[PDB]
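Form deposited in one PDB entry, single chain, as structure tokens, below.
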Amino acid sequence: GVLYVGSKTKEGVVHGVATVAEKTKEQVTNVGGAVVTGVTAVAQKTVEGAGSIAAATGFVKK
């Protein structure tokens, strides 16, 4: 398999993840896993086999 990526750009601005939170009490931000950000972002074969990517969060309150 052959994968060819050609990018010819001018004045590129990229904003991957932006989270804004205010006037709360409990704030939990969980950013992770496989995040690719940029002008030429390529993600090939992220997981192979029995692998796993969780990027999980849990909230428990009593």
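Think of the rigid core as the biggest set of C-alphas that the two forms share within 1.5 Å after superposition. When you see a residue number, it is the position in the sequence shown, counting from 1. Residues that one form lacks are left out of the comparison.
Same protein, other form: the form deposited in another entry, not shown, and the subject of what follows.
After superposing the rigid core, the C-alpha of residue 48 moves by 2 Å or more between this form and the one not shown. After superposing the rigid core, the C-alpha of residue 36 moves by less than 2 Å between this form and the one not shown. Shown in the overlay between this form and the one not shown, fitted on the rigid core, is a CA shift at residue 21 of 2 Å or greater. In that other deposited form, the separation between the C-alpha atoms of residue 43 and residue 54 grows by 3 Å or more relative to the displayed form. Compared with the form shown here, the Cα atoms of residue 53 and residue 38 move at least 3 Å farther apart in that other deposited form. 20-33, 47-59 are the runs of three or more consecutive shared residues whose C-alphas all shift by 2 Å or more between this form and the one not shown after the rigid core is superposed.
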